[PDB]
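Chemist: Task: produce atomic coordinates for the following.
(chains A, B, C, D, E, F, G, H and I, ligands or ions: 4)
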Amino acid sequence: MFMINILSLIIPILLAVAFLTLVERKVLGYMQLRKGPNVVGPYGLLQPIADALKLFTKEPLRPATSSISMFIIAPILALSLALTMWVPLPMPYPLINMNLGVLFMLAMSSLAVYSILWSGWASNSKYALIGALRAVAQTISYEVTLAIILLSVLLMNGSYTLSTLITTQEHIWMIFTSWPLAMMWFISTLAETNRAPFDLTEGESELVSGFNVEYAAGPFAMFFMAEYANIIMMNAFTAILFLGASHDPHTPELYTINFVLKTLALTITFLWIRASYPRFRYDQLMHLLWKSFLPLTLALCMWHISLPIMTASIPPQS
Amino acid sequence: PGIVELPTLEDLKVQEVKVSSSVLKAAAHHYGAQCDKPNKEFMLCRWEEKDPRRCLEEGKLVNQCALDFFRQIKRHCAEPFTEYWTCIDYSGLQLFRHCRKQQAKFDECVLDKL
Amino acid sequence: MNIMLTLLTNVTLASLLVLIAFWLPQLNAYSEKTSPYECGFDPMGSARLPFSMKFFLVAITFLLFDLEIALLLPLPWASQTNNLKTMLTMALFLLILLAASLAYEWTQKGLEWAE
Amino acid sequence: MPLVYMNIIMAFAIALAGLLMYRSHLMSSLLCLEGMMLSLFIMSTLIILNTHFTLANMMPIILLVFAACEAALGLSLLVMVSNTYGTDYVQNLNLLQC
Amino acid sequence: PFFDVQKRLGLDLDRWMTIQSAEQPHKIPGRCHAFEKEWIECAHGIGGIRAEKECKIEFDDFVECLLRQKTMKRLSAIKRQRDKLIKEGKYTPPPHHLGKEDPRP
Amino acid sequence: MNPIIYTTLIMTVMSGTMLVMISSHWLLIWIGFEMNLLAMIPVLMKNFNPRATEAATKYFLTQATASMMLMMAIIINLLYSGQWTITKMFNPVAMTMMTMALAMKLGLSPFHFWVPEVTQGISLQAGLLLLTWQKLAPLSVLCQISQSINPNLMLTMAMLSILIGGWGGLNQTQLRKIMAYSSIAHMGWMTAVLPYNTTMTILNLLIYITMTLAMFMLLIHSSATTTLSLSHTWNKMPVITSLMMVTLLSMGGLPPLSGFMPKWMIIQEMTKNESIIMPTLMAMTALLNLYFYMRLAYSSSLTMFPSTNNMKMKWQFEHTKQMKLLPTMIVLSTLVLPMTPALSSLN
Amino acid sequence: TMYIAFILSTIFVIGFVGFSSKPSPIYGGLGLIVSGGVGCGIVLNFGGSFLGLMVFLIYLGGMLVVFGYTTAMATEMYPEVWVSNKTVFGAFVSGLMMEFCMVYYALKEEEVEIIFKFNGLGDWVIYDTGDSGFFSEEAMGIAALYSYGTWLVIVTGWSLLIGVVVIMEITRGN
Amino acid sequence: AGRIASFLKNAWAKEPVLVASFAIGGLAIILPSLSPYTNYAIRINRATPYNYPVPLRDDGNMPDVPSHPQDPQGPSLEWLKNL
Amino acid sequence: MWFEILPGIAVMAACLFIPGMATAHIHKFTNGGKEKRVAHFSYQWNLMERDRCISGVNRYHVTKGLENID
Ligand SMILES: CCCCCCCCCCCCCCCCCC(=O)OC[C@H](COP(=O)([O-])OCC[N+](C)(C)C)OC(=O)CCCCCCCCCCCCCCCCC
Ligand SMILES: CCCCCCCCCCCCCCCCC[C@@H](O)O[C@H](CO[C@H](O)CCCCCCCCCCCCCCC)COP(=O)(O)OCC[N+](C)(C)C
Ligand SMILES: CCCCCCCC/C=C/CCCCCCCC(=O)OC[C@H](COP(=O)(O)OCCN)OC(=O)CCCCCCC/C=C/CCCCCCCC
Ligand SMILES: CCCCCCCC/C=C\CCCCCCCC(=O)O[C@H](COC(=O)CCCCCCC/C=C/CCCCCCCC)COP(=O)(O)OCCN
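Modeler: Residues are numbered from 1 along each chain as shown, chains lettered A, B, ... in the order given. Ligands and ions are numbered 1, 2, ... in the order given. Let me share the structure:
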């Protein structure tokens, strides 16, 4: 039954990724006064299926200058880690119940970094190399800021267990408790997922498709699936971390509905931000976190260390 | 450097407490209040002797006290206790927080009958 | 065990997708198609040449700050101790020293990129 | 001793032999130096977790801290050498003689 | 060489961490707390030479608890003899060792 | 480098050494070693040039390898004993690893090449600090763990150091390389006496440090880094050359100077332990060190080399900066033989 | 048994053999990342989940900087892979053969090395029967860095600040 | 006070992020030493029974040690109940 | 119009319902109609093992009670 649970976690995630592609198309179109895909299917519902079939029936090519082994491994690593990030999430019951559920996600994100780096280096082209090094800088900044922000927010929780996060947010929301950390965490998650205004690893205007310039057909679709799965997973993590849903042990489907609605709201906010804002420069992104977020993050970390002690509100250990 | 001396299998036998963790957790505060004497004697023996083989009789007395406590519960408050531990067993963490009504009925039954 | 099974499932699914990608479609490769892309013109040099890194100091500072976050991570458990005053003093000491490192680098212009 | 300790000690020995045998790059030897500390971390935590030395669980973290301090030092020296010579080759570090 | 500033000033900088039988958080005992305590109390105040000469029994028990070499030798000998016996069909394991029993709670 | 940064780096080097010398925990001793190296690298790279950068790189590589081996020895010792206190090590393999690591940190042969290379690479102040302090710390660790030292390995490395220092100093013309090979030979003598009397090790350390400080400060005063550069000092300030000559005579072990006291006491102590061949070989081999000290003395003070014409302007000008404790170091390095029995106070 | 820890240890040694044969810093970093993940797995099986996750995260962050530095400082026209060069392939094969010989001898008999004696038996055998309760011993010992270990925190923070100062001074130039 | 006011006005117009960061840090350093609930947090951390309360052997001269858990002698968490 | 976006969002939401509800149903199916036991600590794991031992069917979720003690 555990393999059945793994399949029930994997396949709906991929379907939701495809329909998130469709939803982003239509939302951006309507914000841009267009309609978006509404021809392929009823209200454009077969567009993701058509795109997937076209991509996986199109010819893939390995560049003559490429290192083939790491050229093939990178999409595998990206999609594998994108699917693996979902296993500790409680909705309201995690597939894999971990005692340290957050450090696992941090480590797996830091590992998912290397997919774009190795695809850019393996492609053996200048645009791919530029995209890879932009990824390096972006990962530096967002990694330090994300680590400290998560430390503080979970210090308000008592442990690194997301079910314990639910129990903590039984009454009120971590957005009510710690909204500045929530704002900075949202920005850092945008940077982590490489979304606008921080879509610099693959910046179409500056680089011709960035790190995945040489990727085509099936391998490219895997990078796209990994990116969108990471978007949804990070928005789900944000919803669990800051917008705690009320949980009924005897009817857990209500938590699932609330969590899905909050995650969809956050993902649509991601698409809204992409439609709204221009693109950063990566030096300005590094200077944004290091020179603005990092001092405030350290001050808020000190404040959230002190606050439970001075108010006698330290959370239970277990 | 010597032969390790072990109790035989015949004097390790005792009447077991064959209730589950949920049943034990439901009647846990009442058990700790009612059978405090043998349990504390056994724990003192275990921490002083530092040897399992030296406190077997105390363990058997602990088992006897637990069996007597559960028989007293069974003779008077079988139904409220069954409802209480059935509520406790459902929770994955076996939380006392979700069963404050069945716990109230069980406490009322044991306070009046016993 | 369960985590190993999940990892194996994910890697197997990704590898199967790659295998379907590289074998299902019709293949037709020649020298011009597989040549490197530089917007229509042949690259002058090679992509394996050195690529100057203008934020080299920030990467080393990032290594040190990663150490700092590793030190700071066990704080949720450290707040369960009876020596709350000592624990609070040490946590604030570590964070103040990290802030001092950041301020020193900022004032000495280590956060600025090379020109 | 179990074979896990044997494997970790063999890994340390391999990483030490790698550092003592340069090829061309200083970066490769820096990577070999980083691996030795990884093996030390693994060995120390395996020993401490097996003996339940509770207060010793903080030692591997300090080990990692000074590990990355050494890595930072090596990277700084490598950038200075690369600025001086154009490559991180250890053959260029031959101005001083014994 | 060794300037015992800790002993002179009454400070405790690393003596808390030197041994595993000292004060541990939540009174968590070490794996070989009893053996280390016995060896330390034997060797206290007599110096290194006399400690090695005379507390060798305590030190050997301590090292045996730490590494479990003699115990592993005994277990391996028993396993090898049992495997040889079952190879020729001269030994039949009991059902409670084969998994056909109800263990104790 | 800002003066505040330089003094804080010196304070951090001294803090690392003091942490090593006061800690009772192997982890804290390793931490002190790491802090010392981390703050010592920029001191080597203070005056930036390719030679200084190369010297710092070689020093960092050597010390990092030694630290890795030292931590491996600590872990192996912990595995077989469960002890973190610095005492007699419980595993011979861990003791051998620790001995090799500390010998590499000191520069004992065959781990010596980095000593002349780095000493030539770095300036005179950096070389002085390097030699003195970076010999000060690992010798403290060795004195603490002496009772588990393998006499064969320690004496082998010590005799190798003596021979190699003598021969290298014979060949060199550069003053910094000469000082480095002298350091190698003196470290050989000290580690040779180490497995018998840590008090004699400390006595030799003190006398060597005094003589090395006097010699390095004299070189800084004369601003001479080569033999021919030192050959011009007699025409500007002949007193410094005479003081350098008597210091060189002392460093060669000639009675009745201070340099004879460590050799004499070490030979006596090793003889008390029924060692004759080793003291005789060590005494005979030091004649190479004496020879190249005498060759340096011939060029600087006992003969007059040709000079140049701008030395007249140099005559017209006067030395500004004052060396601190230079007369005291010169007196202590030549005239403390009658005060030998103070080693009991050193005990 | 299932020999999970032994298999992971073998993979750890294989990754060490790779990045020690030193094809090029890209593949050396790849091998070191693999070794870090496998060591995380080993110590997770032995009990320390926080320590495993921390070492994996720290080395993942550290190898990111190494990649950027080898792209700039330690790159050549044709970066070397294990089969590209005869020396690298020879070192890789030597390490693999030595590891395989040690594993075979250890599994077949109680292999006593010239340095240490290793017994071929269960890593599950060497474990302890006792158990903790309602807390993690590793987590409590690590969190004791602040109540205990005030001195360690002081020296560690001072070392990190001095390291920042040092890396600023080394790369100053002029 | 005029120089301090001018500096604060200039910083609040140029670096509000840094002004807020320093204010939050200063309040994090100072407030715990003044709040009367720090000792309450210490007591709550002490009152948590992680391990078993091993009983003491009664010598007949232990008047402050309860014989039963519900006896009046011993620590009381009535303060924590109403908190 | 903007409500033509909803069917895609509806499909995505329906897809996201499947993982959590499926996990809850599988946990209740494989734990005898009850929540899957959470064992974050050795005490909880030992409770589960004792439940397996006393059940007599090698399933911890098979709970026994007063009818079992007598
Ligand atoms: C390495 C992975 C191992 C595990 C694989 C697990 C299952 C994988 C499932 C995904 C499959 C992805 C492809 C989907 C189908 C579309 C492509 C396709 O049909 O490819 C097949 C390929 C197709 O060949 P192709 O190269 O022309 O592929 C292009 C196909 N079109 C035209 C559709 C684009 O078939 C072969 O390569 C073999 C054809 C017959 C020749 C047989 C030669 C002998 C060796 C194999 C037979 C067995 C020998 C036994 C004896 C051995 C000892 C002597
Ligand atoms: C001041 C001397 C200057 C000259 C020497 C300089 C040496 C470096 C500076 C050393 C200063 C610190 C020395 C004292 C260390 C105190 C260690 C410990 O004993 O005190 C702690 C008390 O700590 C205090 O809270 C203050 C600690 C110091 C705060 C930081 C000041 C040091 C700043 C150092 C700056 C960096 C310079 C260091 C490198 C040169 C313990 O409190 P306690 O709670 O009972 O411990 C609980 C243990 N239990 C559980 C077993 C009971
Ligand atoms: C959880 C969901 C959260 C939802 C929130 C979403 C917000 C809207 C999303 C749209 C934004 C996404 C794209 C924008 C990306 C860029 C964002 C951005 O620029 O913000 C950074 C912004 C830009 O700085 P500069 O203009 O460059 O000035 C530099 C001066 N030298 O600066 C910042 O860092 C803002 C940081 C916000 C942190 C919150 C401020 C804290 C307020 C202090 C009061 C709290 C004190 C706590 C103590 C209480 C004591 C009782
Ligand atoms: C001390 C207790 C707090 C502990 C630490 C605080 C948390 C961490 C904060 C430190 C992080 C680093 C700070 C770095 C400070 C100097 C950096 C710097 O160089 O700033 C300069 C100098 O600018 C300044 O104005 C210095 C900041 C002065 C702010 C300090 C004010 C102190 C406030 C005390 C409390 C006041 C309360 C007011 C409350 C108002 C409402 C909240 C500007 O940078 P630029 O180079 O111009 O930017 C790039 C341009 N191309």
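Chemist: Which parts of chain G are helices?
Modeler: For chain G, the helices defined by DSSP state H occupy G:4-21, G:25-46, G:49-72, G:86-108, G:137-147, G:150-170.
Chemist: so which strand or helix has the most centrally placed residue in chain E?
Modeler: Taking C-alpha atoms, centre = their mean, the centroid of chain E lies closest to residue E:65, which sits 1.6 Å from it. According to DSSP states H and E, residue E:65 maps onto helix E:56-67.
Chemist: What of residue F:283?
Modeler: Under the assignment here (DSSP H and E), residue F:283 is part of helix F:277-300.
Chemist: who touches the nearest residue to residue G:33 once chain neighbours are set aside in this structure?
Modeler: The shortest distance from residue G:33 to any residue other than its chain neighbours is 5.3 Å, reached at residue G:63 (C-beta to C-beta, 6 or more residues apart in numbering or on different chains). From N, CA and C alone the C-beta is placed, and that goes for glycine too. Residues counted as contacts of residue G:63 (C-beta atoms under 8 Å, 6 or more residues apart in numbering or on different chains) are A:114, G:29, G:32, G:33.
Chemist: Just to check, the last one is in contact with residue G:61?
Modeler: No. Because the distance of 10.7 Å does not satisfy C-beta atoms under 8 Å, residue G:33 is recorded as not touching residue G:61.
Chemist: So between the two, which is more surrounded?
Modeler: Neighbour count, other C-beta atoms under 10 Å in any protein chain shown: between residue G:33 and residue G:61, residue G:61 has more, with 26 against 23.
Chemist: Which residue, other than its chain neighbours, is closest to the more buried one?
Modeler: For residue G:61, ignoring the flanking residues on the chain, the nearest one in space by C-beta to C-beta, 6+ apart is residue C:66 at 4.4 Å.
Chemist: and the one you found, which of the three is it?
Modeler: Three-state assignment for residue C:66 (DSSP: H, G, I helix; E, B strand; the rest coil): helix.
Chemist: tell me the SS of residue E:83?
Modeler: helix.
Chemist: how about it, what does it touch?
Modeler: By C-beta under 8 Å, 6+ apart, the contact list for residue E:83 is empty.
Chemist: how long is stretch A:242-252 end to end?
Modeler: One end of stretch A:242-252 sits 19 Å from the other (C-alpha to C-alpha, to the nearest Å).
Chemist: before we move on, what about stretch F:315-324?
Modeler: 23 Å.
Chemist: one step back: how distant is the helix holding residue F:283 from the center of its chain?
Modeler: 17 Å (C-alpha atoms, centre = their mean, to the nearest Å).
Chemist: Stretch C:20-30 now?
Modeler: For stretch C:20-30, the distance to the chain centre is 33 Å (C-alpha atoms, centre = their mean).
Chemist: And the contacts of that stretch?
Modeler: Residues from elsewhere that reach stretch C:20-30, judged by C-beta under 8 Å, 6+ apart: A:56, A:57, A:58, A:59, A:60, A:61, A:217, A:218, A:219, A:221, A:222.
Chemist: Mark which of those are buried, thanks.
Modeler: Among the contacts of stretch C:20-30, the ones that count as buried by 16 or more other C-beta atoms under 10 Å in any protein chain shown are A:56, A:58, A:59, A:60, A:61, A:217, A:218, A:219, A:221, A:222.
Chemist: what's the closest of those to residue B:17?
Modeler: Set against residue B:17, the nearest of those by C-beta to C-beta is residue A:222 (56.0 Å).
Chemist: ok, the most centrally placed residue in chain B to residue B:24 distance?
Modeler: For chain B, residue B:66 is the residue whose C-alpha lies nearest the centre (C-alpha atoms, centre = their mean; 4.7 Å). Using C-beta to C-beta, to the nearest Å, one obtains 9 Å as the distance from residue B:66 to residue B:24.
Chemist: ok, now residue C:60?
Modeler: 56 Å.
Chemist: Those two: who's more crowded?
Modeler: residue C:60 (27 against 19).
Chemist: Please tell me I have it right and the more buried one contacts residue D:77.
Modeler: No. With contact defined as C-beta under 8 Å, residue C:60 does not count as touching residue D:77 (11.1 Å).
Chemist: hmm, back to that, let me know the closest of the buried ones among the contacts of stretch C:20-30 to chain E.
Modeler: The shortest approach to chain E among these belongs to residue A:222, at 45.4 Å (C-beta to the nearest C-beta).
Chemist: Now do the contacts for the closest one.
Modeler: Residues in contact with residue A:222 (C-beta under 8 Å, 6+ apart) are A:75, A:76, A:78, A:79, C:14, C:17, C:18, C:21.
Chemist: residue ranges of the helices in chain B, please?
Modeler: B:21-26, B:29-34, B:36-49, B:56-76, B:78-90, B:100-113.
Chemist: same deal with the stretch 151-300 of chain F?
Modeler: For the stretch 151-300 of chain F, the helices defined by DSSP state H, counting those that start in this stretch cover F:151-171, F:175-193, F:198-222, F:227-230, F:238-251, F:260-272, F:277-300.
Chemist: Any idea which of those gets closest to residue I:55?
Modeler: Of all those, the one in closest proximity to residue I:55, counting by C-beta to C-beta, is helix F:151-171 (63.4 Å).
Chemist: Show me what that closest one is packed up against.
Modeler: Packing contacts for helix F:151-171, counted by 3 or more C-beta pairs under 8 Å, 6 or more residues apart in numbering or on different chains; DSSP states H and E, involve helix F:92-106, helix F:175-193, helix F:277-300.
Chemist: Which positions within it qualify as buried?
Modeler: F:154-155, F:157-169.
Chemist: which of those residues lies closest to residue C:44?
Modeler: Once C-beta to C-beta is applied, the member of these that ends up nearest residue C:44 is residue F:168, at 51.2 Å.
Chemist: Now the closest one. Nearest residue, chain neighbours left out?
Modeler: Setting aside the residues directly before and after it, residue F:168 is nearest to residue F:181 in space (C-beta to C-beta, 6+ apart), at 3.9 Å.
Chemist: My guess is that neighbour contacts residue F:117. True?
Modeler: No. Look at residue F:181 against residue F:117 with C-beta under 8 Å: they stay out of range, at 11.6 Å.
Chemist: Enumerate the residues of chain H near ligand 3.
Modeler: Proximity of chain H to ligand 3, by C-beta under 6 Å from any ligand atom, involves residues H:17, H:20, H:24.
Chemist: For those residues, could you give me TSV that also reports neighbour count?
Modeler: Rendered in TSV, the data for the residues of chain H next to ligand 3 read as follows (neighbours: other C-beta atoms under 10 Å in any protein chain shown):
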residue	neighbour count
H:17	14
H:20	16
H:24	21
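Chemist: between these, which is closest to residue F:226?
Modeler: For these, the closest approach to residue F:226 (C-beta to C-beta) belongs to residue H:17, at 56.5 Å.
Chemist: distance of that closest one from residue A:273?
Modeler: Taking C-beta to C-beta, one finds residue H:17 at 21 Å from residue A:273.
Chemist: mind listing what's buried in stretch D:74-88?
Modeler: For stretch D:74-88, by 16+ other C-beta under 10 Å, it's D:74, D:75, D:76, D:77, D:78, D:79, D:80, D:81, D:82, D:84, D:87, D:88.
Chemist: I'd guess the first one is in a helix, am I close?
Modeler: Yes. Applying three-state DSSP, one finds residue D:74 inside a helix.
Chemist: roughly how far apart are the closest residue to chain D within chain B and ligand 1?
Modeler: For chain B, the residue closest to chain D is residue B:50, as judged by C-beta to the nearest C-beta, at 17.0 Å. Distance, residue B:50 to ligand 1, using C-beta to the nearest ligand atom, to the nearest Å: 59 Å.
Chemist: In space, what's closest to that residue - neighbours in sequence excluded?
Modeler: Using C-beta to C-beta, 6+ apart and skipping the chain neighbours, the partner closest in space to residue B:50 is residue E:34 (7.7 Å).
Chemist: So residue F:181 and residue F:117 - more neighbours on which side?
Modeler: Between residue F:181 and residue F:117, residue F:181 has the larger neighbour count (other C-beta under 10 Å), namely 27 against 24.
Chemist: and chain A, which of its residues are near ligand 4?
Modeler: Near ligand 4, when you scan chain A using C-beta under 6 Å from any ligand atom, you find A:295, A:298, A:299.
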